[PDB]
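A.B. asks: What follows is a single structure, and I will ask about it in a moment.
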Amino acid sequence: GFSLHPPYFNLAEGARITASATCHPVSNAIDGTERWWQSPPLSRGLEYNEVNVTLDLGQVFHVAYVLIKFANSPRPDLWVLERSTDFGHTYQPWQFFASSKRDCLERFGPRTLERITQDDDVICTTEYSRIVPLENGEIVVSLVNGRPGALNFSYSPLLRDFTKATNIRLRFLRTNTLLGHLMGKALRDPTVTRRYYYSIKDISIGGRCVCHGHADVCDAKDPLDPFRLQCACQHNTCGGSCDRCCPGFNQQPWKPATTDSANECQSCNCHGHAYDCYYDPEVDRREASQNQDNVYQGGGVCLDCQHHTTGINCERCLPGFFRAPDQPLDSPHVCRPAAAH
Ligand SMILES: *[C@@H]1O[C@H](CO)[C@@H](O[C@@H]2O[C@H](CO)[C@@H](O)[C@H](O)[C@H]2NC(C)=O)[C@H](O)[C@H]1NC(C)=O
Ligand SMILES: *[C@@H]1O[C@H](CO)[C@@H](O)[C@H](O)[C@H]1NC(C)=O
């Protein structure tokens with residue numbers, strides 16, 4: 001048994017994108033043309049050195065990498081790549097960007113520099129901030145590469161959580177005003193501020209559905225809602241996130257799949273007197289439940305025993321009823337009512 005994972009695809013493609021400032025609308029980013037979105041030049045703009053491009057995704061996916069591609073503009077000097085696990089609230093940064101290693105601590109924090117030690121470490125790289133390439137500049141943030149977990153992902157919850165997301169945001173804080181226009185720019189001269197802005201011509205986010213290792217394909221069940229995907233769950237899981245077992249399969253607790261075992265849901269046993277059940281840890285630890293083979297190696301509890309039956313596996317007769325010796329536990333007549341005197 002091993003984990004199953006649906007293919008990666010471009011989360012960008014069918015997402016909602018927005019820009020705090022814009023005048024080349026935002027869409028040009030996520031579409032596939034050579035067109036592009038472009039912020040208002042520092043010229044008639046004071047705080048237009050701080051913009052925010054935002055992508056909203058349907059559900060919550062696992063993001064493998066965010067790739068930005070700049071057009072008529074050099075990469076920015078200071079920006080923040082942020083995600084969201086809410087659908088637009090408690091943001092969190094993924095990585096920080098700065099030209100001067102000192103700028104990091106000055107603008108972000110003292111600790112924002114230590115190398116990656118723990119799967120959910122943030123960081124403040126420089127590399128992607130050297131104005132040098134001032135045209136078609138590409139940045140590739142890989143949320144997985146490096147991290148200690150990438151090795152044995154399956155057993156690294158921190159990473160798995162670090163990579164989830166609902167919204168992804170590009171927070172630009174300061175243009176990469178380099179060369180020697182500093183004085184002009186600082187002074188606010190319309191010969192330097194009219195050649196400084198932001199230009200994205202493509203935002204490509206590689207990610208995939210979340211299925212806890214119980215599915216290798218997830219499509220859209222409804223043609224009318226082409227972007228809401230649902231896992232084609234396996235391992236007897238259910239939920240379209242495969243986060244729960246299916247009716248009838250609760251002998252064991254639910255688990256995501258690891259490299260070692262599929263961890264598929266086991267079927268509880270109700271001697272043909274029930275349609276559903278639930279897992280009770282106490283019962284399992286107490287060894288008081290029959291599995292399919294009739295051994296007490298589980299924790300399944302039948303709900304609504306039918307046929308005047310009752311018990312963890314509906315193996316007994318409700319008090320007041322008696323078991324027909326001429327009948328087997330599965331008979332819909334196992335238990336007969338009290339006879340006349
Ligand atoms: C740019 O995006 C940032 C998100 O990083 C926004 O910052 C938030 O601004 C609100 C103002 O109501 C504050 O309450 C939040 O605390 C800010 N987030 C932070 C840094 O904690 C900002 O509003 C956006 N501005 C632009 C460019 O439109
Ligand atoms: C994954 O983690 C398990 C338990 O922590 C460990 O036995 C296994 O060797 C790890 N995978 C590898 C080889 O990195």
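Chain labels run A, B, ... following the order of the structure tokens; each chain numbers its residues from 1, and ligands are numbered from 1 in the order shown.
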Sorted by chain and rising residue number, which residues of chain A lie within 8 Å of ligand 2, and what are their closest atom pairs and distances in Å to one decimal, counting only C-alpha atoms and all ligand atoms, as JSON lines?
C.D. replies:
{"residue": "A:151", "atom": "CA", "partner": "ligand 2", "partner_atom_place_in_ligand_line": "14 (O)", "distance": 5.6}
{"residue": "A:152", "atom": "CA", "partner": "ligand 2", "partner_atom_place_in_ligand_line": "14 (O)", "distance": 4.3}
{"residue": "A:153", "atom": "CA", "partner": "ligand 2", "partner_atom_place_in_ligand_line": "1 (C)", "distance": 7.6}
{"residue": "A:154", "atom": "CA", "partner": "ligand 2", "partner_atom_place_in_ligand_line": "1 (C)", "distance": 6.9}
{"residue": "A:155", "atom": "CA", "partner": "ligand 2", "partner_atom_place_in_ligand_line": "2 (O)", "distance": 5.1}
{"residue": "A:156", "atom": "CA", "partner": "ligand 2", "partner_atom_place_in_ligand_line": "2 (O)", "distance": 7.8}
A.B. asks: Can I get the residues close to ligand 1 as an MDAnalysis selection string, where close means within 8 Å and we count only C-alpha atoms and all ligand atoms?
C.D. replies: chainID A and resid 19:21 47:48 50:52 80 82 91 171:172
A.B. asks: Dump as JSON lines the rows for residues of range 153-235 of chain A within 9 Å of range 64-71 of chain A: closest atom pair and distance in Å with one decimal, only C-alpha atoms counted, ordered by chain and rising residue number.
C.D. replies:
{"residue": "A:163", "atom": "CA", "partner": "A:64", "partner_atom": "CA", "distance": 6.9}
{"residue": "A:168", "atom": "CA", "partner": "A:66", "partner_atom": "CA", "distance": 8.8}
{"residue": "A:198", "atom": "CA", "partner": "A:70", "partner_atom": "CA", "distance": 8.0}
{"residue": "A:199", "atom": "CA", "partner": "A:71", "partner_atom": "CA", "distance": 5.2}
{"residue": "A:200", "atom": "CA", "partner": "A:70", "partner_atom": "CA", "distance": 4.3}
{"residue": "A:201", "atom": "CA", "partner": "A:71", "partner_atom": "CA", "distance": 5.6}
{"residue": "A:202", "atom": "CA", "partner": "A:69", "partner_atom": "CA", "distance": 5.2}
{"residue": "A:203", "atom": "CA", "partner": "A:68", "partner_atom": "CA", "distance": 4.7}
{"residue": "A:204", "atom": "CA", "partner": "A:67", "partner_atom": "CA", "distance": 5.0}
{"residue": "A:205", "atom": "CA", "partner": "A:66", "partner_atom": "CA", "distance": 4.5}
{"residue": "A:206", "atom": "CA", "partner": "A:65", "partner_atom": "CA", "distance": 5.4}
{"residue": "A:207", "atom": "CA", "partner": "A:64", "partner_atom": "CA", "distance": 5.2}
{"residue": "A:208", "atom": "CA", "partner": "A:64", "partner_atom": "CA", "distance": 8.0}
A.B. asks: Between CA of residue 15 in chain A and CA of residue 89 in chain A, what is the distance, to one decimal in Å?
C.D. replies: 17.5 Å
A.B. asks: Nearest to residue 235 in chain A among A:4, A:334, A:186, A:42, with distances taken over only C-alpha atoms: which residue is it?
C.D. replies: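 Of the candidates, the smallest distance to residue 235 in chain A is held by A:4.
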A.B. asks: Among range 37-230 of chain A, which residues carry a DSSP assignment of helix (DSSP H, G or I), reported as a PDB file with N, CA, C and O atoms, in the first residue's frame?
C.D. replies:
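For reference, out_26.pdb as written:
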ATOM      1  N   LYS A 101      20.631  42.291   2.728  1.00  0.00           N
ATOM      2  CA  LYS A 101      20.420  41.407   3.868  1.00  0.00           C
ATOM      3  C   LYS A 101      20.129  42.174   5.155  1.00  0.00           C
ATOM      4  O   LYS A 101      19.564  41.635   6.100  1.00  0.00           O
ATOM      5  N   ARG A 102      20.510  43.440   5.182  1.00  0.00           N
ATOM      6  CA  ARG A 102      20.264  44.266   6.352  1.00  0.00           C
ATOM      7  C   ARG A 102      18.836  44.798   6.285  1.00  0.00           C
ATOM      8  O   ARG A 102      18.189  45.006   7.313  1.00  0.00           O
ATOM      9  N   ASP A 103      18.349  45.015   5.066  1.00  0.00           N
ATOM     10  CA  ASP A 103      16.999  45.521   4.859  1.00  0.00           C
ATOM     11  C   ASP A 103      15.990  44.538   5.450  1.00  0.00           C
ATOM     12  O   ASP A 103      14.959  44.946   5.999  1.00  0.00           O
ATOM     13  N   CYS A 104      16.297  43.244   5.340  1.00  0.00           N
ATOM     14  CA  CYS A 104      15.424  42.204   5.874  1.00  0.00           C
ATOM     15  C   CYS A 104      15.041  42.545   7.305  1.00  0.00           C
ATOM     16  O   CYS A 104      13.901  42.895   7.597  1.00  0.00           O
ATOM     17  N   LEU A 105      16.025  42.445   8.188  1.00  0.00           N
ATOM     18  CA  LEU A 105      15.837  42.710   9.603  1.00  0.00           C
ATOM     19  C   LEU A 105      15.253  44.091   9.860  1.00  0.00           C
ATOM     20  O   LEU A 105      14.429  44.273  10.759  1.00  0.00           O
ATOM     21  N   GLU A 106      15.672  45.063   9.059  1.00  0.00           N
ATOM     22  CA  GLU A 106      15.178  46.424   9.209  1.00  0.00           C
ATOM     23  C   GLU A 106      13.667  46.473   8.960  1.00  0.00           C
ATOM     24  O   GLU A 106      12.920  47.095   9.720  1.00  0.00           O
ATOM     25  N   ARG A 107      13.226  45.798   7.898  1.00  0.00           N
ATOM     26  CA  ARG A 107      11.817  45.785   7.504  1.00  0.00           C
ATOM     27  C   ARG A 107      10.978  44.588   7.976  1.00  0.00           C
ATOM     28  O   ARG A 107       9.770  44.715   8.174  1.00  0.00           O
ATOM     29  N   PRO A 148      13.323  20.163   5.272  1.00  0.00           N
ATOM     30  CA  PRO A 148      13.711  18.810   5.681  1.00  0.00           C
ATOM     31  C   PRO A 148      12.679  17.744   5.332  1.00  0.00           C
ATOM     32  O   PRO A 148      13.024  16.576   5.103  1.00  0.00           O
ATOM     33  N   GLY A 149      11.417  18.154   5.275  1.00  0.00           N
ATOM     34  CA  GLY A 149      10.347  17.221   4.964  1.00  0.00           C
ATOM     35  C   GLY A 149      10.253  16.686   3.544  1.00  0.00           C
ATOM     36  O   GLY A 149       9.821  15.550   3.349  1.00  0.00           O
ATOM     37  N   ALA A 150      10.640  17.492   2.558  1.00  0.00           N
ATOM     38  CA  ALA A 150      10.580  17.088   1.156  1.00  0.00           C
ATOM     39  C   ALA A 150      11.099  15.675   0.944  1.00  0.00           C
ATOM     40  O   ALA A 150      10.708  14.992   0.001  1.00  0.00           O
ATOM     41  N   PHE A 153       7.996  13.367   2.715  1.00  0.00           N
ATOM     42  CA  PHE A 153       6.811  14.225   2.778  1.00  0.00           C
ATOM     43  C   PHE A 153       5.654  13.602   3.540  1.00  0.00           C
ATOM     44  O   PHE A 153       5.071  14.224   4.437  1.00  0.00           O
ATOM     45  N   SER A 154       5.323  12.376   3.144  1.00  0.00           N
ATOM     46  CA  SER A 154       4.238  11.596   3.735  1.00  0.00           C
ATOM     47  C   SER A 154       4.170  11.641   5.264  1.00  0.00           C
ATOM     48  O   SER A 154       3.083  11.588   5.841  1.00  0.00           O
ATOM     49  N   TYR A 155       5.328  11.728   5.916  1.00  0.00           N
ATOM     50  CA  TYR A 155       5.381  11.779   7.375  1.00  0.00           C
ATOM     51  C   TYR A 155       5.761  13.169   7.894  1.00  0.00           C
ATOM     52  O   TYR A 155       6.280  13.295   9.004  1.00  0.00           O
ATOM     53  N   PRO A 157       3.802  16.445   8.571  1.00  0.00           N
ATOM     54  CA  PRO A 157       2.609  17.287   8.645  1.00  0.00           C
ATOM     55  C   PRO A 157       2.887  18.780   8.547  1.00  0.00           C
ATOM     56  O   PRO A 157       2.133  19.509   7.909  1.00  0.00           O
ATOM     57  N   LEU A 158       3.963  19.245   9.169  1.00  0.00           N
ATOM     58  CA  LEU A 158       4.289  20.668   9.103  1.00  0.00           C
ATOM     59  C   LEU A 158       4.343  21.155   7.657  1.00  0.00           C
ATOM     60  O   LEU A 158       3.738  22.169   7.311  1.00  0.00           O
ATOM     61  N   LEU A 159       5.078  20.423   6.821  1.00  0.00           N
ATOM     62  CA  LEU A 159       5.213  20.762   5.412  1.00  0.00           C
ATOM     63  C   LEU A 159       3.833  20.756   4.767  1.00  0.00           C
ATOM     64  O   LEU A 159       3.428  21.734   4.130  1.00  0.00           O
ATOM     65  N   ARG A 160       3.124  19.640   4.934  1.00  0.00           N
ATOM     66  CA  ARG A 160       1.781  19.484   4.389  1.00  0.00           C
ATOM     67  C   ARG A 160       0.895  20.665   4.761  1.00  0.00           C
ATOM     68  O   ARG A 160       0.051  21.088   3.980  1.00  0.00           O
ATOM     69  N   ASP A 161       1.079  21.201   5.959  1.00  0.00           N
ATOM     70  CA  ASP A 161       0.279  22.334   6.375  1.00  0.00           C
ATOM     71  C   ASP A 161       0.860  23.625   5.826  1.00  0.00           C
ATOM     72  O   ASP A 161       0.124  24.546   5.468  1.00  0.00           O
ATOM     73  N   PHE A 162       2.183  23.688   5.747  1.00  0.00           N
ATOM     74  CA  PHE A 162       2.862  24.867   5.233  1.00  0.00           C
ATOM     75  C   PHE A 162       2.466  25.136   3.794  1.00  0.00           C
ATOM     76  O   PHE A 162       2.382  26.289   3.368  1.00  0.00           O
ATOM     77  N   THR A 163       2.208  24.060   3.052  1.00  0.00           N
ATOM     78  CA  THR A 163       1.847  24.160   1.645  1.00  0.00           C
ATOM     79  C   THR A 163       0.380  24.368   1.299  1.00  0.00           C
ATOM     80  O   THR A 163       0.065  24.719   0.164  1.00  0.00           O
ATOM     81  N   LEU A 182      18.559  57.384  -7.548  1.00  0.00           N
ATOM     82  CA  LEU A 182      18.227  57.589  -6.144  1.00  0.00           C
ATOM     83  C   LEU A 182      17.836  59.011  -5.785  1.00  0.00           C
ATOM     84  O   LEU A 182      16.716  59.251  -5.331  1.00  0.00           O
ATOM     85  N   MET A 183      18.750  59.957  -5.981  1.00  0.00           N
ATOM     86  CA  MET A 183      18.461  61.350  -5.656  1.00  0.00           C
ATOM     87  C   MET A 183      17.226  61.843  -6.399  1.00  0.00           C
ATOM     88  O   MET A 183      16.309  62.394  -5.793  1.00  0.00           O
ATOM     89  N   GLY A 184      17.192  61.630  -7.708  1.00  0.00           N
ATOM     90  CA  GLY A 184      16.035  62.056  -8.469  1.00  0.00           C
ATOM     91  C   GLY A 184      14.772  61.458  -7.876  1.00  0.00           C
ATOM     92  O   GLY A 184      13.837  62.179  -7.521  1.00  0.00           O
ATOM     93  N   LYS A 185      14.757  60.133  -7.752  1.00  0.00           N
ATOM     94  CA  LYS A 185      13.611  59.415  -7.215  1.00  0.00           C
ATOM     95  C   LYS A 185      13.209  59.895  -5.824  1.00  0.00           C
ATOM     96  O   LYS A 185      12.032  60.134  -5.565  1.00  0.00           O
ATOM     97  N   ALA A 186      14.181  60.031  -4.929  1.00  0.00           N
ATOM     98  CA  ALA A 186      13.901  60.483  -3.566  1.00  0.00           C
ATOM     99  C   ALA A 186      13.287  61.878  -3.598  1.00  0.00           C
ATOM    100  O   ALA A 186      12.369  62.193  -2.836  1.00  0.00           O
ATOM    101  N   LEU A 187      13.810  62.708  -4.497  1.00  0.00           N
ATOM    102  CA  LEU A 187      13.347  64.076  -4.665  1.00  0.00           C
ATOM    103  C   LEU A 187      11.932  64.114  -5.237  1.00  0.00           C
ATOM    104  O   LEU A 187      11.184  65.065  -5.004  1.00  0.00           O
ATOM    105  N   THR A 193      10.414  59.033 -11.638  1.00  0.00           N
ATOM    106  CA  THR A 193       9.214  58.412 -11.085  1.00  0.00           C
ATOM    107  C   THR A 193       8.258  57.922 -12.180  1.00  0.00           C
ATOM    108  O   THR A 193       7.289  57.215 -11.903  1.00  0.00           O
ATOM    109  N   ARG A 194       8.544  58.298 -13.425  1.00  0.00           N
ATOM    110  CA  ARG A 194       7.720  57.906 -14.568  1.00  0.00           C
ATOM    111  C   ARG A 194       8.381  56.772 -15.336  1.00  0.00           C
ATOM    112  O   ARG A 194       8.151  56.589 -16.533  1.00  0.00           O
ATOM    113  N   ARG A 195       9.224  56.022 -14.639  1.00  0.00           N
ATOM    114  CA  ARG A 195       9.901  54.887 -15.242  1.00  0.00           C
ATOM    115  C   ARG A 195      10.089  53.844 -14.150  1.00  0.00           C
ATOM    116  O   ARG A 195      10.973  52.991 -14.231  1.00  0.00           O
TER     117      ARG A 195
END
A.B. asks: With only C-alpha atoms as the atoms that count, which of A:274, A:238, A:17, A:140 lies nearest to residue 211 in chain A?
C.D. replies: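 Distance minimum relative to residue 211 in chain A lands on A:238.
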A.B. asks: Skipping near chain neighbours, those fewer than 6 positions away, what residues fall within 8 Å of residue 61 in chain A using only C-alpha atoms, listed as a PyMOL selection string?
C.D. replies: chain A and resi 164-166+207-210
A.B. asks: Could you please take those selected residues and save N, CA, C and O atoms as a PDB file, in the first residue's frame?
C.D. replies:
ATOM      1  N   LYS A 164      -0.526  24.153   2.245  1.00  0.00           N
ATOM      2  CA  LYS A 164      -1.944  24.346   1.942  1.00  0.00           C
ATOM      3  C   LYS A 164      -2.213  25.814   1.697  1.00  0.00           C
ATOM      4  O   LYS A 164      -1.434  26.660   2.093  1.00  0.00           O
ATOM      5  N   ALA A 165      -3.319  26.122   1.039  1.00  0.00           N
ATOM      6  CA  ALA A 165      -3.644  27.510   0.757  1.00  0.00           C
ATOM      7  C   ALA A 165      -5.015  27.667   0.099  1.00  0.00           C
ATOM      8  O   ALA A 165      -5.561  26.737  -0.500  1.00  0.00           O
ATOM      9  N   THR A 166      -5.562  28.866   0.221  1.00  0.00           N
ATOM     10  CA  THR A 166      -6.867  29.185  -0.324  1.00  0.00           C
ATOM     11  C   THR A 166      -6.706  30.404  -1.215  1.00  0.00           C
ATOM     12  O   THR A 166      -7.291  30.505  -2.299  1.00  0.00           O
ATOM     13  N   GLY A 207      -0.016  23.451  -8.344  1.00  0.00           N
ATOM     14  CA  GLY A 207      -0.551  22.811  -7.159  1.00  0.00           C
ATOM     15  C   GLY A 207      -1.440  21.634  -7.484  1.00  0.00           C
ATOM     16  O   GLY A 207      -1.552  21.226  -8.645  1.00  0.00           O
ATOM     17  N   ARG A 208      -2.088  21.090  -6.461  1.00  0.00           N
ATOM     18  CA  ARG A 208      -2.957  19.948  -6.666  1.00  0.00           C
ATOM     19  C   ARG A 208      -4.045  19.806  -5.592  1.00  0.00           C
ATOM     20  O   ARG A 208      -3.973  20.434  -4.539  1.00  0.00           O
ATOM     21  N   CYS A 209      -5.057  18.987  -5.875  1.00  0.00           N
ATOM     22  CA  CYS A 209      -6.136  18.767  -4.930  1.00  0.00           C
ATOM     23  C   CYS A 209      -5.599  18.168  -3.641  1.00  0.00           C
ATOM     24  O   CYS A 209      -4.534  17.553  -3.631  1.00  0.00           O
ATOM     25  N   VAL A 210      -6.339  18.343  -2.553  1.00  0.00           N
ATOM     26  CA  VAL A 210      -5.950  17.766  -1.283  1.00  0.00           C
ATOM     27  C   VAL A 210      -6.777  16.505  -1.137  1.00  0.00           C
ATOM     28  O   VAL A 210      -8.001  16.586  -1.119  1.00  0.00           O
TER      29      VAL A 210
END
A.B. asks: I'd like the contact shell of residue 43 in chain A - 8 Å cut-off, only C-alpha atoms, skipping same-chain residues fewer than 3 positions apart - returned as a PyMOL selection string.
C.D. replies: chain A and resi 40+46+188-190+192-194+196
A.B. asks: What is the distance, in Å and to one decimal place, between CA of residue 273 in chain A and CA of residue 244 in chain A?
C.D. replies: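 Value for the CA of residue 273 in chain A-CA of residue 244 in chain A distance: 22.7 Å.
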A.B. asks: Would you list the contacts of range 290-292 of chain A as a PDB file with N, CA, C and O atoms, in the first residue's frame, taking every protein, DNA or RNA residue within 10 Å and counting only C-alpha atoms, but skipping same-chain residues closer than 5 positions in sequence?
C.D. replies:
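Everything below was put into out-v3.pdb:
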ATOM      1  N   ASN A 250     -16.066   1.612   9.452  1.00  0.00           N
ATOM      2  CA  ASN A 250     -15.531   2.330  10.603  1.00  0.00           C
ATOM      3  C   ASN A 250     -14.832   1.485  11.670  1.00  0.00           C
ATOM      4  O   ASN A 250     -14.536   1.987  12.747  1.00  0.00           O
ATOM      5  N   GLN A 251     -14.549   0.217  11.381  1.00  0.00           N
ATOM      6  CA  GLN A 251     -13.871  -0.617  12.366  1.00  0.00           C
ATOM      7  C   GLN A 251     -12.616   0.051  12.910  1.00  0.00           C
ATOM      8  O   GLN A 251     -12.305  -0.094  14.088  1.00  0.00           O
ATOM      9  N   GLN A 252     -11.890   0.767  12.054  1.00  0.00           N
ATOM     10  CA  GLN A 252     -10.671   1.457  12.467  1.00  0.00           C
ATOM     11  C   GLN A 252     -10.848   2.960  12.352  1.00  0.00           C
ATOM     12  O   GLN A 252     -11.805   3.433  11.752  1.00  0.00           O
ATOM     13  N   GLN A 266     -11.749  -0.006   7.183  1.00  0.00           N
ATOM     14  CA  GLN A 266     -12.182  -1.381   7.348  1.00  0.00           C
ATOM     15  C   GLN A 266     -13.698  -1.400   7.584  1.00  0.00           C
ATOM     16  O   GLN A 266     -14.274  -0.432   8.074  1.00  0.00           O
ATOM     17  N   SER A 267     -14.349  -2.497   7.225  1.00  0.00           N
ATOM     18  CA  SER A 267     -15.787  -2.591   7.402  1.00  0.00           C
ATOM     19  C   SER A 267     -16.180  -3.111   8.780  1.00  0.00           C
ATOM     20  O   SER A 267     -15.645  -4.118   9.249  1.00  0.00           O
ATOM     21  N   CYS A 268     -17.117  -2.423   9.431  1.00  0.00           N
ATOM     22  CA  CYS A 268     -17.589  -2.854  10.744  1.00  0.00           C
ATOM     23  C   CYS A 268     -18.518  -4.056  10.489  1.00  0.00           C
ATOM     24  O   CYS A 268     -18.781  -4.409   9.348  1.00  0.00           O
ATOM     25  N   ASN A 269     -18.990  -4.701  11.544  1.00  0.00           N
ATOM     26  CA  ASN A 269     -19.841  -5.877  11.392  1.00  0.00           C
ATOM     27  C   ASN A 269     -21.146  -5.723  12.168  1.00  0.00           C
ATOM     28  O   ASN A 269     -21.120  -5.526  13.369  1.00  0.00           O
ATOM     29  N   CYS A 270     -22.282  -5.798  11.488  1.00  0.00           N
ATOM     30  CA  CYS A 270     -23.558  -5.674  12.170  1.00  0.00           C
ATOM     31  C   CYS A 270     -24.508  -6.816  11.865  1.00  0.00           C
ATOM     32  O   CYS A 270     -25.734  -6.644  11.813  1.00  0.00           O
ATOM     33  N   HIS A 271     -23.927  -7.988  11.658  1.00  0.00           N
ATOM     34  CA  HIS A 271     -24.712  -9.170  11.389  1.00  0.00           C
ATOM     35  C   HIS A 271     -25.974  -8.898  10.568  1.00  0.00           C
ATOM     36  O   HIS A 271     -27.057  -9.387  10.849  1.00  0.00           O
ATOM     37  N   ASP A 284     -12.562   0.141  20.900  1.00  0.00           N
ATOM     38  CA  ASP A 284     -11.410  -0.470  20.233  1.00  0.00           C
ATOM     39  C   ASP A 284     -10.326  -0.795  21.250  1.00  0.00           C
ATOM     40  O   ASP A 284      -9.721  -1.872  21.211  1.00  0.00           O
ATOM     41  N   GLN A 297     -10.900  -7.252  16.867  1.00  0.00           N
ATOM     42  CA  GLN A 297      -9.774  -6.406  16.489  1.00  0.00           C
ATOM     43  C   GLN A 297     -10.220  -5.105  15.840  1.00  0.00           C
ATOM     44  O   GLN A 297      -9.803  -4.795  14.716  1.00  0.00           O
ATOM     45  N   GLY A 298     -11.058  -4.344  16.542  1.00  0.00           N
ATOM     46  CA  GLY A 298     -11.523  -3.081  15.994  1.00  0.00           C
ATOM     47  C   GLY A 298     -12.257  -2.231  17.006  1.00  0.00           C
ATOM     48  O   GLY A 298     -12.181  -2.492  18.207  1.00  0.00           O
ATOM     49  N   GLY A 299     -12.966  -1.216  16.521  1.00  0.00           N
ATOM     50  CA  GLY A 299     -13.720  -0.343  17.401  1.00  0.00           C
ATOM     51  C   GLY A 299     -14.996   0.153  16.742  1.00  0.00           C
ATOM     52  O   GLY A 299     -15.427   1.293  16.969  1.00  0.00           O
ATOM     53  N   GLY A 300     -15.612  -0.700  15.926  1.00  0.00           N
ATOM     54  CA  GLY A 300     -16.837  -0.311  15.243  1.00  0.00           C
ATOM     55  C   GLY A 300     -18.116  -0.524  16.035  1.00  0.00           C
ATOM     56  O   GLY A 300     -18.304  -1.573  16.654  1.00  0.00           O
ATOM     57  N   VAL A 301     -18.998   0.474  15.996  1.00  0.00           N
ATOM     58  CA  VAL A 301     -20.280   0.432  16.711  1.00  0.00           C
ATOM     59  C   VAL A 301     -21.469   0.642  15.769  1.00  0.00           C
ATOM     60  O   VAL A 301     -21.604   1.707  15.160  1.00  0.00           O
ATOM     61  N   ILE A 312     -23.039  -3.996  20.308  1.00  0.00           N
ATOM     62  CA  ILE A 312     -22.002  -3.326  19.524  1.00  0.00           C
ATOM     63  C   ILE A 312     -22.079  -3.794  18.068  1.00  0.00           C
ATOM     64  O   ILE A 312     -21.915  -3.002  17.148  1.00  0.00           O
ATOM     65  N   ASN A 313     -22.336  -5.080  17.866  1.00  0.00           N
ATOM     66  CA  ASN A 313     -22.439  -5.631  16.525  1.00  0.00           C
ATOM     67  C   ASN A 313     -23.852  -6.127  16.259  1.00  0.00           C
ATOM     68  O   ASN A 313     -24.069  -6.921  15.347  1.00  0.00           O
ATOM     69  N   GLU A 315     -25.478  -8.194  17.985  1.00  0.00           N
ATOM     70  CA  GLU A 315     -25.367  -9.644  18.143  1.00  0.00           C
ATOM     71  C   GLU A 315     -26.309 -10.213  19.219  1.00  0.00           C
ATOM     72  O   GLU A 315     -26.453 -11.437  19.356  1.00  0.00           O
TER      73      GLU A 315
END
A.B. asks: Considering only C-alpha atoms, return as a ChimeraX atom specification whatever protein or nucleic-acid residues lie within 9 Å of residue 125 in chain A, sequence-local ones (same chain, fewer than 3 positions apart) excluded.
C.D. replies: /A:95-99,101,104,113,128-129
A.B. asks: Those same residues, written as an mmCIF file, in the first residue's frame with N, CA, C and O atoms?
C.D. replies:
data_model
loop_
_atom_site.group_PDB
_atom_site.id
_atom_site.type_symbol
_atom_site.label_atom_id
_atom_site.label_comp_id
_atom_site.auth_asym_id
_atom_site.auth_seq_id
_atom_site.Cartn_x
_atom_site.Cartn_y
_atom_site.Cartn_z
ATOM 1 N N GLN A 95 7.454 33.683 2.204
ATOM 2 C CA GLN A 95 8.837 34.101 1.991
ATOM 3 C C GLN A 95 8.924 35.619 1.832
ATOM 4 O O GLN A 95 7.986 36.253 1.343
ATOM 5 N N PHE A 96 10.045 36.200 2.268
ATOM 6 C CA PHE A 96 10.273 37.649 2.174
ATOM 7 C C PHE A 96 11.335 37.924 1.123
ATOM 8 O O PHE A 96 12.181 37.077 0.855
ATOM 9 N N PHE A 97 11.309 39.107 0.529
ATOM 10 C CA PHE A 97 12.293 39.418 -0.498
ATOM 11 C C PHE A 97 12.937 40.781 -0.296
ATOM 12 O O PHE A 97 12.241 41.791 -0.130
ATOM 13 N N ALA A 98 14.270 40.797 -0.310
ATOM 14 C CA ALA A 98 15.036 42.028 -0.108
ATOM 15 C C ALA A 98 16.413 42.028 -0.783
ATOM 16 O O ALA A 98 17.082 40.994 -0.863
ATOM 17 N N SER A 99 16.834 43.202 -1.249
ATOM 18 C CA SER A 99 18.121 43.357 -1.924
ATOM 19 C C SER A 99 19.295 43.389 -0.949
ATOM 20 O O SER A 99 20.367 42.848 -1.238
ATOM 21 N N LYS A 101 20.631 42.291 2.728
ATOM 22 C CA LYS A 101 20.420 41.407 3.868
ATOM 23 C C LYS A 101 20.129 42.174 5.155
ATOM 24 O O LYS A 101 19.564 41.635 6.100
ATOM 25 N N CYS A 104 16.297 43.244 5.340
ATOM 26 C CA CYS A 104 15.424 42.204 5.874
ATOM 27 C C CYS A 104 15.041 42.545 7.305
ATOM 28 O O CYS A 104 13.901 42.895 7.597
ATOM 29 N N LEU A 113 16.185 35.590 8.821
ATOM 30 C CA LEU A 113 17.383 35.347 8.015
ATOM 31 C C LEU A 113 18.002 33.967 8.189
ATOM 32 O O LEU A 113 18.663 33.456 7.282
ATOM 33 N N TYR A 128 16.345 36.966 -5.863
ATOM 34 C CA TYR A 128 15.302 37.498 -6.731
ATOM 35 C C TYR A 128 15.006 38.976 -6.511
ATOM 36 O O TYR A 128 13.847 39.399 -6.561
ATOM 37 N N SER A 129 16.053 39.761 -6.280
ATOM 38 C CA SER A 129 15.880 41.191 -6.061
ATOM 39 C C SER A 129 17.018 42.045 -6.611
ATOM 40 O O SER A 129 17.163 43.208 -6.249
#
A.B. asks: Range 2-175 of chain A: which residues are strand (DSSP E) by DSSP, as a count of residues only?
C.D. replies: 59
A.B. asks: If we count only C-alpha atoms, what is near residue 74 in chain A at a cut-off of 10 Å, once residues fewer than 2 positions away on the same chain are taken out, given as a ChimeraX atom specification?
C.D. replies: /A:70-72,76-77,129-138,175-178,196-200
A.B. asks: Between A:124, A:173, A:329, A:12, single out the one closest to residue 31 in chain A, counting only C-alpha atoms.
C.D. replies: A:12
A.B. asks: One number please: CA of residue 174 in chain A to CA of residue 78 in chain A, in Å, one decimal.
C.D. replies: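 Going from CA of residue 174 in chain A over to CA of residue 78 in chain A, I get 4.9 Å.
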